[PDB]
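For reference, the structure discussed in these notes is given below.
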Amino acid sequence: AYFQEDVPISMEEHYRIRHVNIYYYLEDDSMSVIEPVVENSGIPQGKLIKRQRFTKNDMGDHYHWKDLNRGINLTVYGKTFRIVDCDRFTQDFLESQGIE
Amino acid sequence: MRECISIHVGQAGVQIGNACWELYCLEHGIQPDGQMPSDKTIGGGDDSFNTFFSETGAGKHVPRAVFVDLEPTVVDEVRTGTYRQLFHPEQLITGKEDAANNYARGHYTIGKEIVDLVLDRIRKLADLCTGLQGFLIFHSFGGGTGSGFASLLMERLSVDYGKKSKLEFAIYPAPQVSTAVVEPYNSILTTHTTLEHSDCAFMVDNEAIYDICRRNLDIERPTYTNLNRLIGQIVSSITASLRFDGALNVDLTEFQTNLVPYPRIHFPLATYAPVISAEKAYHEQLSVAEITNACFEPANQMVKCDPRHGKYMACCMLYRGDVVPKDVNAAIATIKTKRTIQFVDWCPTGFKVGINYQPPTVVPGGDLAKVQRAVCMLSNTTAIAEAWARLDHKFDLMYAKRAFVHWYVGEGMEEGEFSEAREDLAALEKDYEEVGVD
Amino acid sequence: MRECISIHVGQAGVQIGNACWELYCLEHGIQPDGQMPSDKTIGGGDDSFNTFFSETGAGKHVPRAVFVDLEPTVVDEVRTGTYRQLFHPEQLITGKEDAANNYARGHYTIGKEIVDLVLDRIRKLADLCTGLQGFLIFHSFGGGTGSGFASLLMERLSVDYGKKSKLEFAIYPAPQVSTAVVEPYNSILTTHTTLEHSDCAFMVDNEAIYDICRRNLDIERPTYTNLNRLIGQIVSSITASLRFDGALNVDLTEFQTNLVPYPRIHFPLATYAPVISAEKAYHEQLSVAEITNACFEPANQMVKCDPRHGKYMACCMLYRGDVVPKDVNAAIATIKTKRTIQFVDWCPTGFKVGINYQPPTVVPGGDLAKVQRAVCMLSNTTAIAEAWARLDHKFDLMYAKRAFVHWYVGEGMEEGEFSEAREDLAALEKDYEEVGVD
Amino acid sequence: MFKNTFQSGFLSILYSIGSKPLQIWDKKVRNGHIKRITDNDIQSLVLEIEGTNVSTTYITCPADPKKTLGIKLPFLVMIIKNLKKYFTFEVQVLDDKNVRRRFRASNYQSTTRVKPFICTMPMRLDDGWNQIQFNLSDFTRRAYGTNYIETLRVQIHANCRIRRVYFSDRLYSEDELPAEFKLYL
Amino acid sequence: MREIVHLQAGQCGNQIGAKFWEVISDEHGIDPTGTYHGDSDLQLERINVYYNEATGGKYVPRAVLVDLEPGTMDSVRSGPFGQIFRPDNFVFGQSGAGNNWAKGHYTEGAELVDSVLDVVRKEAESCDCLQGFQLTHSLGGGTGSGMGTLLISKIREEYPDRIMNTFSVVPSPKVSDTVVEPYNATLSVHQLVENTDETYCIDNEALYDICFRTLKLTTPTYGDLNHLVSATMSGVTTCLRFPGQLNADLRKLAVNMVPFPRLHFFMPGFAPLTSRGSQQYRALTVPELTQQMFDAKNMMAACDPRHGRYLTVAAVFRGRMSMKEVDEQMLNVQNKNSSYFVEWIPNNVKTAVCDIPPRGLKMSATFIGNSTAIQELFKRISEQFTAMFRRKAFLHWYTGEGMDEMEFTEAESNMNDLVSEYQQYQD
Amino acid sequence: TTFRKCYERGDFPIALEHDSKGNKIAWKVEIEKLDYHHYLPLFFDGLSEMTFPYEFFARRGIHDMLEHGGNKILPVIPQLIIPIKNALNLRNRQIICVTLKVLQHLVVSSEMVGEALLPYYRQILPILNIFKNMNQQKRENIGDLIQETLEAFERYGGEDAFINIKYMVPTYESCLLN
Amino acid sequence: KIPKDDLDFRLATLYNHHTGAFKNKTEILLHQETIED
Ligand SMILES: Nc1nc2c(ncn2[C@@H]2O[C@H](COP(=O)(O)OP(=O)(O)OP(=O)(O)O)[C@@H](O)[C@H]2O)c(=O)[nH]1
Ligand SMILES: Nc1nc2c(ncn2[C@@H]2O[C@H](COP(=O)(O)OP(=O)(O)OP(=O)(O)O)[C@@H](O)[C@H]2O)c(=O)[nH]1
Ligand SMILES: Nc1nc2c(ncn2[C@@H]2O[C@H](COP(=O)(O)OP(=O)(O)OP(=O)(O)O)[C@@H](O)[C@H]2O)c(=O)[nH]1
C-alpha cells in the first residue's frame with residue numbers, strides 16, 4: 001500500500017507520497033502496518049500501527065478478511081489507505097476462499 | 001541496541017547449540033538457504049534478527065555466536081549439515097588436538113595458540129555490535145574440552161571487558177552417574193576459577209530431564225533431538241523478551257541484580273512448567289493455577305534436590321503467552337499463603353515476573369504440546385549445597401589416594417592448585433548454611 | 001455449581017458406567033469424537049455438560065468420572081472402543097494384578113500403591129469443580145476387584161472429605177444364585193466397613209432384572225447391553241434434575257434428608273414403572289394412575305422382597321415427563337387410602353415427588369418403549385432384612401466349618417474382624433425389627 | 001563463651017601440659033592421626049596433627065559450633081614447629097555492623113584474595129619452632145575497613161606440631177612471658 | 001590430522017595382521033585389488049587415519065611387516081590381500097631365529113634395527129601427526145618378543161609423546177609347546193612393563209573354550225581365531241574412524257583407564273556371540289546384550305575375574321542405541337554386584353557409544369576391562385621360573401649368546417614386585 | 001542496646017565516689033588522652049541506656065567530657081546524631097528531660113557547634129517541635145526546657161538557623177529581634 | 001485438612017529428588033499413615 005502527505009513549509013514540494021506495507025494476521029484477524037525502512041530518508045521509519053484489530057465502523061466491528069479485495073480504500077484511525085496488489089500465497093488463499 | 005553473543009565450548013556444547021538456531025530459524029521463518037521468501041525483511045540488518053542474527057544488505061542472516069571445538073570430528077559433519085551455509089566458516093572454530101578430559105591441558109597446552117584467533121572473532125564481532133548486553137556461554141562442567149578451554153577465555157574476556165554481563169549455562173555433573181572419574185577433577189577446577197569471575201551461572205542435569213521424558217512426555221526412549229529441544233526451548237523462552245514484548249519487558253541485567261543476593265553464589269535453578277505430551281494437552285486444559293503448582297511441584301525440577309531440605313530465596317517466573325495479571329497475582333498470592341513453601345525470612349518478596357503475549361510455538365518433527373500459557377521458573381534455594389556436599393566426599397576420597405594425578409603432574413601441574421578448590425568449596429558450603437541461618 | 005464425580009470400581013462396574021456415559025452422550029447429542037457440529041456450545045465449559053462433562057476451550061467434553069480396575073483386559077479394550085478418544089487415559093486407571101475375589105488382598109496387598117494415584121485424580125478434578133455436591137460410586141458386594149479396593153478408598157475419601165455426599169451403587173448379591181462361595185465373605189466385609197461411613201447405598205439384583213425382560217419387555221434372551229441400558233436409564237432419571245428442570249427441582253441433599261429416617265440404615269430401593277415392550281406400549285396407554293399401581297406392584301421390584309412381610313417408611317416418586325399436579329396429587333391420595341399399602345404409623349406422609357418436563361428419550365439400537373410419563377420409585381421398607389437374614393444363615397454355616405480360611409489367614413488376616421461382622425449384622429437386623437416394632 | 005573470665009592479660013586456651021586438653025578442641029579425624037610425641041630441642045610433649053589431606057583432618061574451637069568464642073583481644077601468638085608440610089588455619093570473627101567474617105591463612109597461598117566473608121592469606125616462614133604474630137584489629141581495618149570486635153571461632157588444620165595456643169591484647173614482649181612462655185631450645 | 005601406523009612382528013603376528021587388515025578392507029569395502037568401491041561416505045572420510053593414498057585410488061596400508069623366515073612372509077604376500085601390502089614394507093633377515101629371545105634381542109636384531117628404523121621414520125615423515133602406534137606380536141613368541149622389546153625401547157626415546165599401544169597373546173597355560181618360552185616371557189615383560197602403557201592380554205585356551213561355548217563348530221582354523229580377535233581390535237578402533245557421540249582418543253580412554261602408571265595389562269571383552277539357531281532365536285535387546293556382555297563365559301582374555309575384584313571397566317557400544325538404556329543397564333550392573341567392585345573407586349564405568357553399526361549386524365559392543373585377575377597370570381609363570389632357575393635348565397645357549405643369571409634376578413624381582421602391587425592395591 | 005553490655009563486658013575505665021541520697025562520679029583513665037572518636041558516640045548510646053547503675057554512668061561522662069574535651073567534637077558531629085535521634089524516638093518524659101539538659105550543654109560547649117550542625121537540624125528539631133507544650137524544685141517543666149533549648153540554639157545558630165526553626169516550629173518566636 | 005495438588009504431592013511423597021533416580025509415578029507419590037504408614 002501507500003499513503004500521501006502534504007508539505008506545509010519546506011523548500012521543495014507541496015506533497016509527499018509514502019509507500020507502506022499491510023499485514024493481516026489470519027489467526028486472530030489482527031493487523032499491522034510496517035513501512036519499509038529507507039536510508040537518507042529524513043523521516044523516521046519502522047512500525048506505524050502496532051499489532052491489533054482495526055475498527056471498521058463505529059460499533060466496534062473489525063476489518064475481516066472477507067471484505068478485502070484489490071484496489072480498496074480503507075480508513076485506519078484517520079489516514080485512508082489504498083490496496084495495490086498481493087503476494088503469492090495471498091491470492092491463492094483468497095481465491096481458495098474465493099475473492100474475485 | 002538489545003543484542004548479545006553466544007559462546008559454545010566443547011563438542012558437548014555444540015550439538016545442543018546447533019538445535020537452538022535450528023529452533024531460532026523457525027519462528028523467524030528462516031529458510032535453510034539463508035534468505036526469506038519474496039517478502040521483505042532485509043536491509044541494514046535491523047529486525048527481529050538484529051538482536052540475534054546479522055542479515056546485512058547481502059541478505060544472509062549471520063548468527064551472532066562462535067562455535068569453538070578442539071576435535072574436527074563433530075565440527076566437520078555439521079559443516080556439511082543443512083544450515084552450514086548460514087554458518088560463518090571460521091566461527092566454527094575447529095581444533096586438531098583434544099584435552100583428554102584434562103582441565104589444564106585445554107587450559108595451558110593448546111589454548112594459547114587458539115584463543116588469540118577467538119579474540120579476533122569477538123572483537124570483530126564487538127565492533128559490529130551496538131549495545132551487546134552480554135554473552136551466552138554454553139559449556140559443560142564435565143567438559144573434556146568444554147571445561148579447560150572455557151576457563152582461560154572467560155578469564156581473558158573478564159580482564160578486557162569487565163563492564164558487561166557474562167551468562168553461563170552448563171550441564172551439571174550427574175550426581176550418581178559418572179561417565180568419567182576425571183570429571184570431579186576438572187569440574188571443581190572450573191568452579192574455583194569461575195566463582196570469582198562468572199556473573200550468572202546456571203546448571204541442569206540430564207537424568208531428571210530424561211525422567212521428565214517418560215513421566216509426562218511419556219517417552220521411554222528419547223534422544224538429544226528431544227533433549228536439545230528441551231534446553232533449546234528454555235533459552236528461547238528467556239530470550240523472548242529480547243525478541244518480542246508483552247505487558248512488561250525484563251532483561252538479563254535485572255535478572256542478575258534481582259536473582260543473586262550476594263557475591264560468589266550466583267547459581268539459580270530453571271524450570272519449565274508446561275512440559276507435557278501432545279495428546280495430554282489435547283483433551284486437557286492449561287491455566288495459571290495448575291502450571292503454578294507444576295512449576296512449584298518439586299519433582300518437576302531437573303536438578304536433584306528436595307526444596308524442603310533447603311529454603312527459597314528468589315523465584316523468577318517468565319510467563320510467555322496469553323495471560324492476565326488477575327489470576328496470576330491471585331495465584332502467586334495463594335503461593336505466598338502456602339506454609340510448606342519456606343522462603344527465607346530475609347526476603348519478603350521473591351517473585352520476578354516477565355509477561356510476553358506471544359504463545360510458544362511447536363517445532364517441525366517435534367514432540368512438544370500446543371502451549372498457549374508457558375512460564376520459565378528461575379529460582380534459587382539452599383537445598384543445593386548437598387550437591388557440592390556430594391562432590392566433596394566424592395572428591396576427598398580420590399585426593400587422599402591421589403588417583404590419576406600422575407597424568408596431571410605428568411604434563412605440568414602441582415598440588416597447591418588442587419588444594420585451593422577444596423577450601424574454596426569448603427567456603428562455598430560454609431557460606432550456604434550461614435545465609436540459611438537466619 | 002451443580003456437579004458431581006462418578007466413580008467406577010471393579011471390572012463388574014466398568015461396562016455399566018461406560019454404558020451410562022454412552023447414554024449420556026446421546027441425550028446431549030455428543031459425537032464420539034468429542035465435539036458438536038458447527039452449532040455453538042463450546043466455551044470455558046459451562047452448559048448442560050458443565051455438570052457432567054468438561055468441554056473446555058479445547059472443545060472436548062471430558063466426563064467427570066474415573067474408571068479404576070485391577071486387570072488391564074477390559075480397560076484396554078474400552079481404550080480401543082468408540083469413545084476412548086473422549087476418555088482420559090489415566091482416568092482409566094488400569095491394574096496388572098487381581099484380588100482373586102479376596103476383599104483383603106485388594107484392600108491390603110495392592111490397593112495401597114494405587115489409592116495414591118487415584119487420589120491424584122480425585123484431587124485434580126476438585127479444582128475444576130465448583131460445587132461438587134458429591135460422588136457416584138459404582139461397585140459390587142461380590143467384587144473380585146470392586147469389593148476390597150473400594151472399601152479402602154471410601155475410607156480414605158471419608159476421612160479427608162467428610163463435608164459432602166457419597167452415593168453408593170452396587171449389584172446386590174443374588175439371593176439363591178452364587179457365582180462365588182467366597183462372595184458371602186467379602187460381601188459382609190464390605191457392609192460393616194460401609195455402615196459407619198457410607199451416606200446412601202442403593203442395591204439391585206440381576207435375577208429380577210431378567211424376570212422383567214420376559215414378563216413385560218418380552219425378551220427371553222437379553223444381555224448386559226440390555227441390563228446396563230436399564231440401570232443406565234435409572235441413574236439418568238435421578239440425574240435429570242441436575243440436567244434439566246421441571247415443576248419443582250430436587251437434589252440428593254433433599255433425598256438424603258428426607259429418605260433416611262435414622263443413622264445406620266440408609267438403604268432404600270429404586271424402581272422404574274414404565275418398563276414395557278414397544279408393542280404393549282403401542283396399543284395401550286400410559287398415565288400416572290396405572291404406572292402408580294405398577295410401580296407399587298410388588299413383583300415390579302428388582303429385589304426379592306415382598307412388601308407385605310415388611311412395612312413402608314419412605315417412598316419417593318420422580319416423575320420425568322408431561323405430568324400435572326392434579327392427577328398426581330389425587331392418585332397418591334387414593335394410594336394413601338389404600339389398605340394393603342402398610343406404611344409405618346410413625347410417618348403420616350412419606351411421599352417425595354419430583355417433576356421433570358423433559359421426556360425420557362429412547363436410545364438408538366435400544367429395546368425400551370417411548371415414555372411420555374415416567375417415574376423412578378425410590379422407597380425403603382422393613383421387608384429388606386430378609387436379604388441379610390439370608391446371608392447370615394449362609395455365612396454362619398461356612399464360618400463354623402471355616403472353609404477357605406487358610407487362604408485369608410494365608411495372606412495375613414485373622415478371625416476377630418470376621419467375628420465383628422456377625423454382631424454388626426446382628427445389630428443391624430435387630431435395629432430393623434426394633435424400628436419395625438412400633 | 002568464657003567471656004565471664006577476665007580478658008586482662010593472656011588467654012591461653014590450648015596448652016599441651018594438660019593431660020586431656022581436648023575438651024573444647026573438636027577433632028575430625030580423617031585419614032590421619034592424633035598423637036602426642038616428645039621433642040628433642042624442647043624435650044616435651046607436642047601435638048602431632050598430620051593427615052593425607054589438610055581439609056580432611058582439622059582441629060577447631062569451639063568444640064560445639066553452635067556456641068561462640070567471646071574474646072576481646074586483638075593479638076595472638078601461636079607456638080608451632082615448622083613441619084615442612086601444608087599447615088593452615090582460619091579464624092571467624094565479628095565486626096561492628098555484626099556481619100560475620102573469616103580470616104583463612106594458608107601456607108601454600110600464592111596470592112591474597114578478599115571475599116566479603118573470607119580472607120585468604122599466605123604463610124611463608126622459616127624452619128624450627130617458629131612463632132606467630134597477628135593483630136586482628138589491623139586486618140579488619142586494612143581489608144574491610146571495619147572495626148574488630150570479637151573472636152567467634154578459630155579452626156586449625158593438619159600438618160602441624162602445636163605446643164600452646166594463647167591470645168594477647170598487645171604485642172607482649174618476651175620479658176613478662178613466663179618460663180613456659182619463654183620457650184627454650 | 002591424527003593418524004596411526006601399525007607394526008606387525010612375530011610369526012603369529014604375521015597371521016594376526018593379515019586378518020586384521022583384510023577385515024578393515026572388507027569393513028571399508030575395498031576389493032582385493034585395492035580399487036575401493038565407493039559405498040559409504042563416512043568410511044571414505046575417516047580412512048586416512050590408517051591408510052595413505054596411492055595413484056589409481058589404491059589405499060596403501062601404513063603398516064610394517066618384519067620377520068626372519070621368508071616362507072611366512074611369502075605366504076601372507078600370497079594371501080587374499082598380499083597385493084595391498086608393500087614390498088617396501090617387507091623387511092627381514094637372512095637368519096633363522098632358533099626361536100631364541102637373546103638372538104632376536106642382541107644378535108640378529110643388531111643388523112636389522114637400522115633398516116626398520118630407517119623404514120619407520122620414512123612413513124613417520126609421510127604422515128602428518130600420529131596419535132602413536134600399535135604392535136601385534138606375542139609375549140611367548142621368540143622372534144616377536146626379541147624384535148619388539150628392542151623396537152619399543154628405541155622408539156621410546158624417539159617419540160615419547162605418542163599412544164604406545166602393545167598387542168600380545170599369552171601362550172596356552174596348559175602347554176607352552178616352546179619350553180624356553182617362560183624364559184622369553186620374563187625377559188620380554190621386564191622391558192615391556194618398563195616400555196609399554198597399553199597391553200592387551202589374550203589367551204588361546206579361552207578361545208578354544210569360546211569355540212566350545214558359542215562357535216560350536218568343532219574344528220575352526222587359527223584364522224578363525226584371527227577372525228575373532230581381529231574383530232575385537234577393530235571395535236576399539238571403530239571409535240576413531242566413526243562418528244557418533246563417543247570420545248575416541250585412546251588418551252581420552254587410557255587416562256580414564258590408568259589410575260597409576262604400573263597398570264598396563266588390559267583385557268578385551270566382546271558382544272553378541274551367536275550359535276547356529278540363535279541368529280534367528282535372539283531378541284537383540286540391550287539387556288541381553290549387557291547380560292551377555294558381562295558374562296564370565298563371554299570373557300576370553302585370561303581367566304575368570306571371579307577370583308578377584310573389578311578395578312576399572314570400560315564398554316564401547318557400536319550401533320543404534322541411546323544413552324538411557326546403557327544408563328539404566330549401568331545402574332543394574334552397579335546394583336548387581338556393588339561389593340565386587342573396589343571401595344577404592346566407585347563409578348568405575350566408562351561408556352562410549354558409536355552410532356555406526358558394524359557390517360553384518362546392528363547391535364554390537366567391545367569391552368576393555370581391568371579387574372584383579374592378572375595375579376593368576378604372573379603367579380602361574382612364577383613357579384616355572386623358580387623351578388627351572390632352580391637348576392638352570394637350557395641355560396648354556398644364553399651364556400653362549402652372552403647372557404647370564406644376573407638379569408634373571410631382577411627380571412623375576414620386577415615380576416614379584418608386580419605381584420604385591422596388584423595384591424596390595426586390591427587386598 | 002549494644003553499648004550497655006560493652007562495659008558490662010568491661011573496657012571503659014570509670015569509677016565513682018560513694019553516696020546515699022545524691023550523685024557523684026569518678027574516673028580511672030584521663031579522657032583527653034583516651035579517645036574522642038572511637039569512644040564518643042558509643043558512650044552517647046549510654047544516654048539511650050536507662051538502667052541502674054548503668055544509667056548513672058550516662059549523663060556524668062557526657063557532661064564531664066564537654067568541659068574537658070572542648071575543641072575535639074568538631075569532626076565527630078554526624079555520628080553523634082544517631083544516639084540522640086534514637087533517644088528522641090524513645091517516648092518517655094524522664095528520658096526527654098535528660099536529653100534537653102544534655103543538649104543544653106552540648107550546644108554551648110564550644111565554637112562552631114551549631115554552625116557545624118547546620119546540615120543536621122531537621123533530624124532533631126521535628127520531634128522537639130512536637131514536644132513544645134506537652135506538659136523550679138528540680139527543673140521539671142519539659143516545656144520550659146524546650147524554649148530554653150530553642151532560645152540558646154537560635155542566638156548561637158547564626159542567621160537563617162532561626163528561620164529554619166521557625167519553618168519547623170510554627171509557634172516558634174524569636175529571642176533576638178522582638 | 002489438605003486443599004490441593006501441590007500440597008498433596010509435597011506433604012506426603014517419601015521421594016528425595018536428590019536420592020530418587022529413574023523412579024515412576026507410583027514410586028514418586030508415596031504417602032504415610034494417611035494410607036496405613
Ligand atoms: N552437552 C552435551 N553433553 C552430552 C551430550 N551427550 C552426552 N553428553 C555428556 O556430556 C559430556 C561431554 O563432556 P566432554 O567429554 O568433557 O566434552 P569435551 O570437553 O568437548 O571433550 P571430549 O572428551 O572430546 O568430548 C559427556 O560426559 C556426556 O555425559 C550432548 O549431546 N550434549
Ligand atoms: N456390575 C456388574 N456385575 C456383573 C456384570 N456381569 C456379571 N456381573 C456379576 O458381578 C460379579 C463380578 O464380581 P468380581 O468378579 O469380583 O469383579 P471384580 O472385583 O471387578 O474382579 P474380577 O474377578 O476380575 O471380575 C460376577 O460374579 C457377576 O455375577 C456386569 O456387567 N456388571
Ligand atoms: N601363527 C601362529 N602362531 C601360533 C599359533 N599357535 C600358537 N602360536 C604362537 O604364537 C607365537 C608368536 O609367534 P612369533 O612371535 O612370530 O614367534 P617367533 O619370534 O618366531 O619365535 P617362536 O615363539 O619360537 O615362534 C609363536 O611362538 C607360536 O608358538 C598359531 O596357530 N598360529
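Following the order of the C-alpha cells, first chain is A, next is B, and so on, with residues numbered from 1 inside each chain and ligands from 1 in the order they appear.
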
- Task: Taking only C-alpha atoms and all ligand atoms into account, report as a VMD selection string which residues have an atom no farther than 6 Å from an atom of ligand 1.
- Result: (chain B and resid 10 to 13 15 to 16 100 to 101 142 to 147 179 224) or (chain E and resid 247)

- Query: stretch 153-156 of chain F: which residues within 8 Å, counting only C-alpha atoms, same-chain residues fewer than 5 positions away excluded, as a ChimeraX atom specification?
  - Reply: /F:107-108,114,161-162,165,174-176

At most 12 Å is the cut-off: for each residue in chain C with any atom that close to an atom of chain G, write down the nearest atom pair and the distance in Å rounded to one decimal, counting only C-alpha atoms, chain first then increasing number, as a Markdown table.
```
| residue | atom | partner | partner_atom | distance |
| --- | --- | --- | --- | --- |
| C:90 | CA | G:25 | CA | 11.7 |
| C:107 | CA | G:35 | CA | 10.8 |
| C:108 | CA | G:36 | CA | 9.3 |
| C:109 | CA | G:36 | CA | 11.8 |
| C:110 | CA | G:26 | CA | 11.5 |
| C:111 | CA | G:35 | CA | 9.4 |
| C:112 | CA | G:35 | CA | 6.6 |
| C:113 | CA | G:26 | CA | 6.3 |
| C:114 | CA | G:26 | CA | 7.2 |
| C:115 | CA | G:35 | CA | 8.1 |
| C:116 | CA | G:29 | CA | 6.9 |
| C:117 | CA | G:26 | CA | 6.7 |
| C:118 | CA | G:26 | CA | 10.3 |
| C:119 | CA | G:8 | CA | 9.4 |
| C:120 | CA | G:5 | CA | 7.2 |
| C:121 | CA | G:5 | CA | 9.5 |
| C:122 | CA | G:5 | CA | 9.8 |
| C:123 | CA | G:5 | CA | 6.3 |
| C:124 | CA | G:5 | CA | 6.4 |
| C:125 | CA | G:5 | CA | 9.9 |
| C:126 | CA | G:4 | CA | 7.9 |
| C:127 | CA | G:4 | CA | 7.5 |
| C:128 | CA | G:4 | CA | 11.2 |
| C:152 | CA | G:35 | CA | 8.5 |
| C:153 | CA | G:35 | CA | 9.2 |
| C:154 | CA | G:35 | CA | 11.7 |
| C:155 | CA | G:35 | CA | 9.5 |
| C:156 | CA | G:35 | CA | 7.3 |
| C:157 | CA | G:34 | CA | 10.7 |
| C:158 | CA | G:34 | CA | 11.8 |
| C:159 | CA | G:34 | CA | 9.2 |
| C:160 | CA | G:1 | CA | 6.7 |
| C:161 | CA | G:1 | CA | 8.5 |
| C:162 | CA | G:1 | CA | 10.5 |
| C:163 | CA | G:1 | CA | 11.5 |
```

Would you mind exporting N, CA, C and O atoms of the selected residues as a compact mmCIF listing (two decimals), in the first residue's frame?
```
# COMPACT_ATOMS: atom_id res chain seq x y z
N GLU C 90 -5.33 -41.96 31.85
CA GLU C 90 -5.11 -42.39 33.23
C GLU C 90 -6.26 -42.05 34.16
O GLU C 90 -6.14 -42.26 35.37
N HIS C 107 -7.59 -54.91 49.44
CA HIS C 107 -7.61 -53.90 50.49
C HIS C 107 -6.24 -53.67 51.11
O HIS C 107 -5.99 -52.59 51.65
N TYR C 108 -5.35 -54.66 51.06
CA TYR C 108 -4.03 -54.53 51.66
C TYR C 108 -2.90 -54.69 50.65
O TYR C 108 -2.02 -53.82 50.58
N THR C 109 -2.89 -55.76 49.87
CA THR C 109 -1.69 -56.13 49.11
C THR C 109 -1.33 -55.06 48.08
O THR C 109 -0.18 -54.63 47.99
N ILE C 110 -2.31 -54.62 47.29
CA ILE C 110 -2.04 -53.76 46.15
C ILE C 110 -2.75 -52.42 46.23
O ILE C 110 -2.25 -51.44 45.65
N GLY C 111 -3.86 -52.32 46.96
CA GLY C 111 -4.61 -51.07 46.99
C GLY C 111 -3.82 -49.90 47.52
O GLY C 111 -4.13 -48.74 47.20
N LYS C 112 -2.80 -50.16 48.33
CA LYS C 112 -2.00 -49.08 48.91
C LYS C 112 -1.28 -48.29 47.82
O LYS C 112 -1.33 -47.05 47.81
N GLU C 113 -0.60 -48.98 46.91
CA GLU C 113 0.21 -48.30 45.91
C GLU C 113 -0.63 -47.71 44.78
O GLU C 113 -0.09 -47.04 43.91
N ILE C 114 -1.94 -47.95 44.79
CA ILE C 114 -2.81 -47.45 43.73
C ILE C 114 -3.68 -46.30 44.22
O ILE C 114 -4.00 -45.39 43.46
N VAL C 115 -4.07 -46.34 45.50
CA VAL C 115 -5.00 -45.33 46.02
C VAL C 115 -4.40 -43.94 45.94
O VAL C 115 -5.12 -42.96 45.71
N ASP C 116 -3.08 -43.82 46.11
CA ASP C 116 -2.43 -42.52 45.97
C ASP C 116 -2.62 -41.97 44.57
O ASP C 116 -2.89 -40.78 44.39
N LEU C 117 -2.48 -42.83 43.56
CA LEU C 117 -2.65 -42.38 42.18
C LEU C 117 -4.08 -41.96 41.90
O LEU C 117 -4.33 -40.89 41.33
N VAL C 118 -5.05 -42.81 42.27
CA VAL C 118 -6.45 -42.47 42.01
C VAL C 118 -6.85 -41.25 42.83
O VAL C 118 -7.71 -40.47 42.42
N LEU C 119 -6.25 -41.08 44.00
CA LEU C 119 -6.46 -39.85 44.76
C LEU C 119 -5.95 -38.64 43.99
O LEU C 119 -6.60 -37.59 43.98
N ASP C 120 -4.80 -38.78 43.32
CA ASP C 120 -4.31 -37.69 42.48
C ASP C 120 -5.34 -37.30 41.43
O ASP C 120 -5.44 -36.13 41.05
N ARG C 121 -6.10 -38.27 40.94
CA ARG C 121 -7.19 -37.95 40.03
C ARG C 121 -8.28 -37.15 40.74
O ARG C 121 -8.68 -36.08 40.27
N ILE C 122 -8.76 -37.64 41.88
CA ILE C 122 -9.92 -37.02 42.52
C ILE C 122 -9.58 -35.61 42.99
O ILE C 122 -10.42 -34.70 42.92
N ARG C 123 -8.37 -35.40 43.49
CA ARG C 123 -7.97 -34.05 43.89
C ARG C 123 -7.81 -33.14 42.68
O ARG C 123 -8.14 -31.95 42.74
N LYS C 124 -7.31 -33.68 41.56
CA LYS C 124 -7.10 -32.83 40.39
C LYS C 124 -8.42 -32.52 39.69
O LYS C 124 -8.51 -31.57 38.91
N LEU C 125 -9.45 -33.34 39.94
CA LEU C 125 -10.79 -32.97 39.49
C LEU C 125 -11.42 -31.94 40.42
O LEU C 125 -12.33 -31.21 40.03
N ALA C 126 -10.94 -31.87 41.67
CA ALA C 126 -11.56 -30.99 42.65
C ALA C 126 -11.45 -29.52 42.24
O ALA C 126 -12.40 -28.75 42.40
N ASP C 127 -10.29 -29.12 41.72
CA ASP C 127 -10.08 -27.71 41.40
C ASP C 127 -11.00 -27.24 40.29
O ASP C 127 -11.58 -26.14 40.37
N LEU C 128 -11.16 -28.04 39.24
CA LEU C 128 -12.02 -27.66 38.12
C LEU C 128 -13.50 -27.64 38.50
O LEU C 128 -14.28 -26.93 37.86
N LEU C 152 -11.17 -49.56 50.84
CA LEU C 152 -10.05 -48.72 51.26
C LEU C 152 -10.25 -47.27 50.84
O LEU C 152 -10.06 -46.35 51.64
N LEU C 153 -10.63 -47.06 49.58
CA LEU C 153 -10.72 -45.69 49.07
C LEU C 153 -11.86 -44.93 49.71
O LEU C 153 -11.71 -43.75 50.05
N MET C 154 -13.01 -45.58 49.90
CA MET C 154 -14.13 -44.90 50.54
C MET C 154 -13.77 -44.50 51.96
O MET C 154 -14.20 -43.44 52.45
N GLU C 155 -12.98 -45.33 52.65
CA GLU C 155 -12.41 -44.93 53.93
C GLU C 155 -11.53 -43.70 53.77
O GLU C 155 -11.61 -42.76 54.57
N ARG C 156 -10.67 -43.69 52.75
CA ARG C 156 -9.80 -42.54 52.55
C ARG C 156 -10.59 -41.31 52.12
O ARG C 156 -10.31 -40.20 52.59
N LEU C 157 -11.58 -41.48 51.24
CA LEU C 157 -12.39 -40.34 50.83
C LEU C 157 -13.32 -39.89 51.95
O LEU C 157 -13.76 -38.73 51.95
N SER C 158 -13.65 -40.77 52.89
CA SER C 158 -14.47 -40.36 54.02
C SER C 158 -13.68 -39.46 54.96
O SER C 158 -14.19 -38.42 55.41
N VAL C 159 -12.44 -39.84 55.28
CA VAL C 159 -11.68 -39.10 56.28
C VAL C 159 -11.26 -37.72 55.77
O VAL C 159 -11.32 -36.74 56.51
N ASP C 160 -10.85 -37.62 54.50
CA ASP C 160 -10.35 -36.33 54.01
C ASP C 160 -11.49 -35.37 53.71
O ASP C 160 -11.39 -34.17 54.01
N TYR C 161 -12.59 -35.86 53.13
CA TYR C 161 -13.74 -35.04 52.77
C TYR C 161 -14.97 -35.65 53.43
O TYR C 161 -15.63 -36.52 52.85
N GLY C 162 -15.28 -35.19 54.64
CA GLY C 162 -16.47 -35.63 55.32
C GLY C 162 -17.58 -34.60 55.29
O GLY C 162 -18.57 -34.71 56.03
N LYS C 163 -17.43 -33.59 54.44
CA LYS C 163 -18.37 -32.48 54.38
C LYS C 163 -19.33 -32.55 53.20
O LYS C 163 -20.11 -31.61 53.01
```

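Rounded to one decimal, atom CA of residue C:270 and atom 31 (O, counted along the ligand's line) of ligand 2 lie 18.9 Å from each other.
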
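Relative to atom CA of residue B:312, atom CA of residue B:348 is found at 11.2 Å.
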
- Task: Would you list the residues that come within 10 Å of ligand 2? Count only C-alpha atoms and all ligand atoms and give the answer as number ranges by chain.
- Result: C: 8-17, 19, 68-74, 97-103, 106, 138-150, 169-174, 177-180, 182-183, 186, 204-206, 223-225, 227-228

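Note that the spacing between atom CA of residue B:55 and atom CA of residue B:40 amounts to 12.0 Å.
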
- Note on the structure: Once chain C is optimally superposed onto chain B by least squares, the C-alpha atoms paired in order differ by an RMSD of 0.3 Å

Report as JSON lines the residues of chain E within 12 Å of chain G, each with its shortest atom pair and distance in Å (one decimal), using only C-alpha atoms, ordered by chain and increasing residue number.
```
{"residue": "E:324", "atom": "CA", "partner": "G:22", "partner_atom": "CA", "distance": 10.0}
{"residue": "E:325", "atom": "CA", "partner": "G:22", "partner_atom": "CA", "distance": 11.4}
{"residue": "E:327", "atom": "CA", "partner": "G:22", "partner_atom": "CA", "distance": 9.9}
{"residue": "E:328", "atom": "CA", "partner": "G:22", "partner_atom": "CA", "distance": 8.1}
{"residue": "E:329", "atom": "CA", "partner": "G:22", "partner_atom": "CA", "distance": 11.8}
{"residue": "E:331", "atom": "CA", "partner": "G:22", "partner_atom": "CA", "distance": 9.9}
{"residue": "E:332", "atom": "CA", "partner": "G:22", "partner_atom": "CA", "distance": 11.6}
```
